[PDB]
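The block underneath contains the structure these notes are about, expressed in structure tokens.
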Amino acid sequence: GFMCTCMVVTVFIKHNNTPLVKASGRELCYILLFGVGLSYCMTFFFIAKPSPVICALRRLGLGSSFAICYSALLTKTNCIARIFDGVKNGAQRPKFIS
Amino acid sequence: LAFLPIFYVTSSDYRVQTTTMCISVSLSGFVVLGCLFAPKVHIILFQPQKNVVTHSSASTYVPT
Amino acid sequence: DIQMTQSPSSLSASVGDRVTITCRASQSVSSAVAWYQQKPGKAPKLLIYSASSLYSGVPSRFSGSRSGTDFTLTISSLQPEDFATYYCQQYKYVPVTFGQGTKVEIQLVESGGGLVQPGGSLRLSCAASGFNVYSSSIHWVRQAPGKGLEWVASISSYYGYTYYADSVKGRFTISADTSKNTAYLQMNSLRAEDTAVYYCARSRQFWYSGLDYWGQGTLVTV
Amino acid sequence: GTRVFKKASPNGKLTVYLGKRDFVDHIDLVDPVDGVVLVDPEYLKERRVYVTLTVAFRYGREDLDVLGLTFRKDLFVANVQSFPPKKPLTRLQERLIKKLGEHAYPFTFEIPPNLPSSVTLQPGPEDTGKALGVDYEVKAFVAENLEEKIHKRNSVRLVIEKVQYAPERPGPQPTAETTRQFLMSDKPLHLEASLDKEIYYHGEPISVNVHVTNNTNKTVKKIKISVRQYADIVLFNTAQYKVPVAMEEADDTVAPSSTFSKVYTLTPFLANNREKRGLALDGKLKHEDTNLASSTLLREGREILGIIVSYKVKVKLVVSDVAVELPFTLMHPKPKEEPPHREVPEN
Ligand SMILES: CC(C)CCC[C@@H](C)[C@H]1CC[C@H]2[C@@H]3CC=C4C[C@@H](O)CC[C@]4(C)[C@H]3CC[C@]12C
Ligand SMILES: CC(C)CCC[C@@H](C)[C@H]1CC[C@H]2[C@@H]3CC=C4C[C@@H](O)CC[C@]4(C)[C@H]3CC[C@]12C
């Protein structure tokens with residue numbers, strides 16, 4: 001999984017000027033990839049001899065990775081919802097600064 | 001939904017519990033990757049031809 | 001602005017004559033000309049608009065011709081019904097400066113006027129029946145006793161444009177009250193500067209086929 | 001007894017003459033784009049002059065500009081070697097040739113139907129580049145073949161328009177009713193709305209008749225009756241630009257389980273709504289004032305292309321919300337001579 005994530009990241013940083021990568025939101029997708037890499041990393045912090053450091057580290061890794069991924073997805077879905085719903089009742093443009 | 005109750009009610013054992021936690025997070029990463037970035041990777045790499053951007057007044061008179 | 005020389009300025013004759021009235025423009029207006037006719041105590045009625053595009057509701061005697069910068073109105077048979085003062089409106093640019101005005105010899109409601117004090121403010125209301133203020137453009141045109149017609153005020157609700165002549169800029173407030181489908185003109189002046197008769201008028205909003213409808217009017221006498 | 005439009009070029013004096021600026025759009029076929037050119041010989045060998053018609057489509061949103069990308073596609077491109085150093089003549093072309101002389105060379109195009117009408121998206125105060133929308137251009141090039149770069153010293157550009165007008169047949173009058181059953185068992189509540197006809201001329205009043213029969217114990221708080229405009233875009237998978245161009249938040253409390261019928265009037269107009277950037281407006285020649293977009297009608301059997309604009313009266317009742325959409329079409333009637341293609345009084 002980490003190899004797949006790193007290969008995808010290398011592809012993105014290689015073909016970063018393409019319209020699709022930029023338009024989808026490059027910050028959100030890059031941090032989503034980082035969160036996926038963190039999810040793959042925290043496996044080893046679950047499969048290890050548990051010390052209080054490692055117990056705290058596995059808790060932190062699980063919580064932070066899930067929060068990162070789903071918060072990035074929430075940002076993306078809010079952006080797409082604002083784009084899709086059009087101008088609200090009274091406003092002039094509902095756009096969101098990316 | 002398939003994982004969390006399974007993780008909780010099966011707290012008796014440890015090998016299966018740790019394996020479920022690790023494989024669940026790894027497969028969540030796999031799901032995110034193959035369900036969001038996989039179409040984008042395919043489009044960017046395998047179909048590079050679709051991610052592209054583009055593809056004085058005077059006057060007079062006319063006789064009848 | 002652009003001036004409209006109307007030679008001759010006085011043409012009187014018997015019946016049956018093909019009377020021709022010319023109208024010269026200081027600057028090119030490119031076939032954007034309208035001609036009216038009015039009788040004593042009556043508001044004008046449009047005859048020709050847009051360089052010989054005959055208006056509906058009038059006979060075919062009248063015609064136009066864009067000869068370079070000069071435009072001509074022709075009456076083949078001077079019927080006894082055609083005894084009125086004629087004009088030459090142009091509308092290519094702003095203002096809507098009229099012509100000299102020649103004579104021939106052998107439901108809008110504008111209200112709120114009368115004898116006026118030597119100075120102050122007045123409100124003139126044009127109740128427009130038969131059209132929406134957004135689908136029309138409401139103009140206000142004055143005439144001094146025994147003088148020519150000059151454009152005074154204009155409102156184009158759909159674009160939200162308010163227009164006044166350069167010589168009256170700031171002395172008149174035109175507004176379109178959609179509640180009563182009416183127009184309001186607020187004058188703040190003094191003395192006999194503009195003592196005249198004022199007609200409300202309507203024009204087709206979008207392609208502006210000349211000021212089609214005119215109200216009875218009232219005498220704003222100071 | 002008529003007049004045409006003329007444009008010129010510095011180096012070659014390639015005087016391009018066109019019969020009209022616009023070209024109406026019958027659904028079956030588009031009126032021909034027929035014109036002529038005077039081509040004085042400003043050369044010894046470069047005897048070729050080509051006429052190109054291009055139905056360009058430009059687009060870009062606020063965030064698209066922020067990121068730094070805007071799309072543009074050539075929907076249709078036509079190249080004709082108008083000078084034979086085919087295309088039988090027409091009446092207007094013949095009159096122009098009689099006026100002009102020997103060197104007058106004709107050129108005729110036909111726009112295939114279902115191509116999008118000339119609609120431009122209203123630019124914002126910051127927007128200053130080429131206007132976003134569907135714009136039709138006719139260009140003339142004095143060169144040899146197409147290997148040589150198109151030189152501005154010879155080319156001639158003129159902006160044409162392709163528009164539609166309201167059909168004589170009114171069509172089915174829009175009308176829609178929706179009954180919603182609330183969570184309290186199955187208790188209904190009926191809303192119904194109707195329009196005067198299907199095609200509305202720009203600026204004309206819209207008398208939406210609305211009647212509500214509440215079969216519940218609740219009360220209607222307010223009635224938001226608006227005229228939403230949907231500008232679908234059929235390239236690069238762009239979202240549907242939705243924008244309310246008229247509104248009335250008329251509040252009325254009605255007795256529970258009772259009936260209430262009346263009519264609410266709404267008029268779309270550009271005066272109150274001149275700020276909503278990205279709005280679809282009719283074709284602008286050079287940044288001139290134009291009305292809202294003329295609601296395109298794809299009566300043919302068709303293919304989604306360009307910018308498809310439509311208008312629908314949306315009526316919403318608060319308490320959540322009962323919403324009903326009545327589609328219709330906003331378009332000009334058939335003009336007598338032609339639109340002036342500018343503000344009728346210039347200044
Ligand atoms: C890949 C990134 C995002 C996370 C992992 C990098 C860092 C934080 C990792 C890499 C190696 C890790 C260490 C490996 C081994 C030990 C010794 C043990 O007795 C306490 C924890 C400790 C000291 C780990 C702490 C966390 C650590 C320093
Ligand atoms: C920002 C992230 C990626 C890296 C830095 C955070 C890590 C290294 C920090 C944050 C909170 C820290 C813990 C806070 C409290 C304790 C309890 C103590 O009895 C042992 C150390 C231990 C367990 C710390 C270990 C290091 C720790 C886990």
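Every chain in the structure tokens takes a letter, A first, then B, and so on in the order presented; its residues are numbered from 1, and the ligands are numbered from 1 following the presented order.
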Which residues are near ligand 2 in this structure, taking near to mean any atom at most 7 Å from a ligand atom and counting only C-alpha atoms and all ligand atoms? Format them as a count of residues only.
4
Excluding residue 57 of chain B and residues on its chain fewer than 6 positions from it, collect all residues at most 12 Å away from it, counting only C-alpha atoms, and give them as number ranges by chain.
D: 4-9, 15-18, 20-21, 156-160, 285-286, 341
Please identify all polymer residues within 10 Å of segment 32-38 of chain A, counting only C-alpha atoms, omitting same-chain residues fewer than 3 positions from it, and present them as a PyMOL selection string.
(chain A and resi 1-6+8-9+26-29+41-43+61-62+64-73) or (chain B and resi 25-26+28-33+37)
Atom CA of residue 248 of chain D to atom CA of residue 225 of chain D, distance in Å rounded to a single decimal:
5.4 Å
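Applying a distance limit of 8 Å to only C-alpha atoms, the residues of chain A near chain D read residues 19, 22, 23, 83, 84, 85, 86, 87, 88, 89, 92, 93, 95, 96, 97 and 98 of chain A.
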For chain C, which residues have at least one atom within 9 Å of chain D, if we go by only C-alpha atoms? Write them as a count of residues only, please.
23
What are the closest atom pairs, with distances in Å to one decimal, for all residues of chain B lying within 12 Å of chain A? Consider only C-alpha atoms, order rows by chain and residue number, and present the result as a tab-separated table.
residue	atom	partner	partner_atom	distance
B:14	CA	A:47	CA	11.1
B:15	CA	A:47	CA	9.8
B:16	CA	A:47	CA	11.7
B:17	CA	A:46	CA	10.4
B:18	CA	A:46	CA	6.9
B:19	CA	A:47	CA	8.3
B:20	CA	A:43	CA	10.5
B:21	CA	A:46	CA	7.8
B:22	CA	A:43	CA	5.0
B:23	CA	A:43	CA	7.9
B:24	CA	A:43	CA	9.5
B:25	CA	A:39	CA	6.1
B:26	CA	A:40	CA	5.5
B:27	CA	A:1	CA	8.5
B:28	CA	A:39	CA	8.2
B:29	CA	A:36	CA	5.2
B:30	CA	A:1	CA	6.6
B:31	CA	A:36	CA	9.8
B:32	CA	A:36	CA	7.6
B:33	CA	A:5	CA	7.5
B:34	CA	A:4	CA	9.8
B:36	CA	A:29	CA	9.4
B:37	CA	A:8	CA	8.0
B:38	CA	A:8	CA	8.8
B:39	CA	A:20	CA	11.1
B:40	CA	A:20	CA	7.8
B:41	CA	A:8	CA	7.3
B:42	CA	A:8	CA	10.7
B:43	CA	A:20	CA	8.8
B:44	CA	A:15	CA	7.6
B:45	CA	A:11	CA	8.3
B:46	CA	A:11	CA	11.8
B:47	CA	A:20	CA	11.9
B:48	CA	A:18	CA	9.2
B:49	CA	A:18	CA	10.7
B:50	CA	A:20	CA	9.4
B:51	CA	A:19	CA	6.0
B:52	CA	A:19	CA	6.5
B:53	CA	A:19	CA	6.9
B:54	CA	A:19	CA	10.7
Any chance you could export the current selection's N, CA and C atoms as a CSV table (one decimal), in the first residue's frame?
chain,number,residue,atom,x,y,z
B,14,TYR,N,-6.4,-11.6,20.8
B,14,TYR,CA,-5.5,-10.5,20.5
B,14,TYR,C,-4.9,-10.6,19.1
B,15,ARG,N,-4.5,-11.8,18.6
B,15,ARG,CA,-3.9,-11.9,17.3
B,15,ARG,C,-4.9,-11.5,16.2
B,16,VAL,N,-6.1,-12.0,16.3
B,16,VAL,CA,-7.2,-11.6,15.3
B,16,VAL,C,-7.5,-10.1,15.5
B,17,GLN,N,-7.5,-9.6,16.7
B,17,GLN,CA,-7.8,-8.2,17.0
B,17,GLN,C,-6.8,-7.3,16.3
B,18,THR,N,-5.5,-7.5,16.6
B,18,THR,CA,-4.5,-6.7,16.0
B,18,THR,C,-4.5,-6.9,14.4
B,19,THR,N,-4.7,-8.1,13.9
B,19,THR,CA,-4.8,-8.3,12.5
B,19,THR,C,-5.9,-7.6,11.9
B,20,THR,N,-7.1,-7.6,12.5
B,20,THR,CA,-8.2,-6.8,12.0
B,20,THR,C,-8.0,-5.3,12.0
B,21,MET,N,-7.4,-4.8,13.1
B,21,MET,CA,-7.1,-3.4,13.1
B,21,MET,C,-6.1,-3.0,11.9
B,22,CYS,N,-5.0,-3.7,11.8
B,22,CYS,CA,-4.0,-3.4,10.8
B,22,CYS,C,-4.6,-3.6,9.4
B,23,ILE,N,-5.2,-4.7,9.1
B,23,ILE,CA,-5.7,-4.9,7.8
B,23,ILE,C,-6.9,-4.0,7.5
B,24,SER,N,-7.7,-3.6,8.5
B,24,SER,CA,-8.7,-2.6,8.2
B,24,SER,C,-8.2,-1.3,7.8
B,25,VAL,N,-7.2,-0.8,8.5
B,25,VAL,CA,-6.6,0.5,8.1
B,25,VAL,C,-5.9,0.4,6.8
B,26,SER,N,-5.2,-0.7,6.5
B,26,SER,CA,-4.5,-0.9,5.2
B,26,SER,C,-5.5,-0.9,4.1
B,27,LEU,N,-6.7,-1.6,4.3
B,27,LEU,CA,-7.7,-1.7,3.3
B,27,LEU,C,-8.5,-0.4,3.1
B,28,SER,N,-8.6,0.4,4.2
B,28,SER,CA,-9.1,1.7,4.1
B,28,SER,C,-8.3,2.6,3.2
B,29,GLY,N,-7.0,2.5,3.4
B,29,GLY,CA,-6.0,3.2,2.4
B,29,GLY,C,-6.2,2.7,1.0
B,30,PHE,N,-6.3,1.3,0.8
B,30,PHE,CA,-6.5,0.8,-0.5
B,30,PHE,C,-7.8,1.3,-1.1
B,31,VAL,N,-8.9,1.3,-0.3
B,31,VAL,CA,-10.1,1.8,-0.8
B,31,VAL,C,-10.0,3.3,-1.3
B,32,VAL,N,-9.4,4.1,-0.5
B,32,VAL,CA,-9.3,5.5,-0.8
B,32,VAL,C,-8.5,5.6,-2.1
B,33,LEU,N,-7.4,4.9,-2.2
B,33,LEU,CA,-6.5,5.0,-3.4
B,33,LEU,C,-7.3,4.5,-4.6
B,34,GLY,N,-7.7,3.3,-4.6
B,34,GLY,CA,-8.3,2.7,-5.8
B,34,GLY,C,-9.7,3.2,-6.1
B,36,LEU,N,-10.5,6.7,-5.6
B,36,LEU,CA,-10.4,8.1,-5.9
B,36,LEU,C,-9.3,8.4,-6.9
B,37,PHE,N,-8.1,8.0,-6.6
B,37,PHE,CA,-6.9,8.3,-7.4
B,37,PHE,C,-6.7,7.4,-8.5
B,38,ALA,N,-7.2,6.2,-8.5
B,38,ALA,CA,-7.1,5.2,-9.6
B,38,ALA,C,-7.7,5.7,-10.9
B,39,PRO,N,-8.9,6.2,-10.9
B,39,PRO,CA,-9.4,6.8,-12.2
B,39,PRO,C,-8.6,8.0,-12.6
B,40,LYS,N,-8.1,8.8,-11.7
B,40,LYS,CA,-7.3,10.0,-12.0
B,40,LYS,C,-6.0,9.5,-12.6
B,41,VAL,N,-5.4,8.5,-12.0
B,41,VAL,CA,-4.1,8.0,-12.5
B,41,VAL,C,-4.3,7.4,-13.9
B,42,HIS,N,-5.3,6.7,-14.1
B,42,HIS,CA,-5.6,6.1,-15.4
B,42,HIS,C,-5.8,7.2,-16.5
B,43,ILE,N,-6.5,8.2,-16.1
B,43,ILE,CA,-6.8,9.3,-17.1
B,43,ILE,C,-5.5,10.1,-17.4
B,44,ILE,N,-4.7,10.4,-16.3
B,44,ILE,CA,-3.5,11.2,-16.5
B,44,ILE,C,-2.5,10.4,-17.3
B,45,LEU,N,-2.2,9.2,-17.0
B,45,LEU,CA,-1.2,8.4,-17.6
B,45,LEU,C,-1.7,7.7,-18.9
B,46,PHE,N,-2.7,6.8,-18.8
B,46,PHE,CA,-3.1,6.0,-19.9
B,46,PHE,C,-3.8,6.7,-21.0
B,47,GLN,N,-4.4,7.9,-20.7
B,47,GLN,CA,-5.1,8.7,-21.6
B,47,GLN,C,-4.7,10.1,-21.6
B,48,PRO,N,-3.5,10.4,-22.0
B,48,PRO,CA,-2.9,11.8,-21.9
B,48,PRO,C,-3.6,12.8,-22.9
B,49,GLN,N,-4.5,12.4,-23.7
B,49,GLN,CA,-5.1,13.2,-24.7
B,49,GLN,C,-6.4,13.9,-24.3
B,50,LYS,N,-6.9,13.6,-23.1
B,50,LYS,CA,-8.1,14.2,-22.6
B,50,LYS,C,-8.0,15.2,-21.5
B,51,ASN,N,-6.8,15.2,-20.9
B,51,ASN,CA,-6.5,16.2,-19.9
B,51,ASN,C,-5.8,17.4,-20.5
B,52,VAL,N,-6.6,18.1,-21.4
B,52,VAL,CA,-6.1,19.2,-22.2
B,52,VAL,C,-7.0,20.4,-22.0
B,53,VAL,N,-6.5,21.6,-22.2
B,53,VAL,CA,-7.3,22.8,-22.0
B,53,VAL,C,-8.1,23.2,-23.2
B,54,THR,N,-7.5,23.3,-24.3
B,54,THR,CA,-8.1,23.9,-25.5
B,54,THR,C,-8.0,22.9,-26.7
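Between chain B and the residues C:29, C:197, C:34, C:23, the shortest atom-to-atom distance, using only C-alpha atoms, involves C:29.
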Contact set, chain B to chain D: 8 Å, only C-alpha atoms, as a PDB file with N, CA and C atoms, in the first residue's frame:
ATOM      1  N   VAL B  53      -6.510  21.603 -22.202  1.00  0.00           N
ATOM      2  CA  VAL B  53      -7.273  22.824 -21.954  1.00  0.00           C
ATOM      3  C   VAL B  53      -8.090  23.233 -23.171  1.00  0.00           C
ATOM      4  N   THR B  54      -7.460  23.299 -24.341  1.00  0.00           N
ATOM      5  CA  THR B  54      -8.087  23.862 -25.528  1.00  0.00           C
ATOM      6  C   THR B  54      -7.969  22.898 -26.698  1.00  0.00           C
ATOM      7  N   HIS B  55      -8.889  23.041 -27.647  1.00  0.00           N
ATOM      8  CA  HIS B  55      -8.905  22.208 -28.844  1.00  0.00           C
ATOM      9  C   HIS B  55      -9.598  22.930 -29.995  1.00  0.00           C
ATOM     10  N   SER B  56     -13.102  50.372 -38.398  1.00  0.00           N
ATOM     11  CA  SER B  56     -14.276  50.116 -37.573  1.00  0.00           C
ATOM     12  C   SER B  56     -15.442  49.609 -38.417  1.00  0.00           C
ATOM     13  N   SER B  57     -16.376  48.915 -37.772  1.00  0.00           N
ATOM     14  CA  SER B  57     -17.539  48.359 -38.458  1.00  0.00           C
ATOM     15  C   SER B  57     -18.404  49.452 -39.074  1.00  0.00           C
ATOM     16  N   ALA B  58     -18.040  49.867 -40.282  1.00  0.00           N
ATOM     17  CA  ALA B  58     -18.744  50.939 -40.973  1.00  0.00           C
ATOM     18  C   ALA B  58     -19.994  50.424 -41.677  1.00  0.00           C
ATOM     19  N   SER B  59     -20.338  51.064 -42.790  1.00  0.00           N
ATOM     20  CA  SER B  59     -21.535  50.724 -43.548  1.00  0.00           C
ATOM     21  C   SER B  59     -21.525  51.397 -44.914  1.00  0.00           C
ATOM     22  N   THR B  60     -22.620  51.237 -45.652  1.00  0.00           N
ATOM     23  CA  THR B  60     -22.770  51.854 -46.964  1.00  0.00           C
ATOM     24  C   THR B  60     -24.219  51.751 -47.450  1.00  0.00           C
ATOM     25  N   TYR B  61     -24.402  51.645 -48.763  1.00  0.00           N
ATOM     26  CA  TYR B  61     -25.731  51.549 -49.358  1.00  0.00           C
ATOM     27  C   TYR B  61     -25.737  50.525 -50.488  1.00  0.00           C
ATOM     28  N   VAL B  62     -26.806  49.751 -50.609  1.00  0.00           N
ATOM     29  CA  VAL B  62     -26.918  48.745 -51.660  1.00  0.00           C
ATOM     30  C   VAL B  62     -28.031  49.179 -52.608  1.00  0.00           C
ATOM     31  N   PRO B  63     -27.742  49.409 -53.889  1.00  0.00           N
ATOM     32  CA  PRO B  63     -28.812  49.761 -54.829  1.00  0.00           C
ATOM     33  C   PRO B  63     -29.818  48.634 -54.987  1.00  0.00           C
ATOM     34  N   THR B  64     -31.063  49.023 -55.236  1.00  0.00           N
ATOM     35  CA  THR B  64     -32.136  48.057 -55.407  1.00  0.00           C
ATOM     36  C   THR B  64     -32.287  47.657 -56.873  1.00  0.00           C
TER      37      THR B  64
END
Got a sec: who's within 8 Å of segment 71-83 of chain C, counting only C-alpha atoms, leaving out chain neighbours fewer than 6 positions off, as a PyMOL selection string?
chain C and resi 14-24+33+35+39+51+61-65+103-105
Could you give me, as a PyMOL selection string, each residue of segment 115-345 of chain D that DSSP assigns to strand (DSSP E or B) when run on this structure's backbone?
chain D and resi 119-121+133-143+156-163+175-179+182+187+189-194+199-200+206-214+223-233+241-250+259-266+280-282+292+307-318+321-330
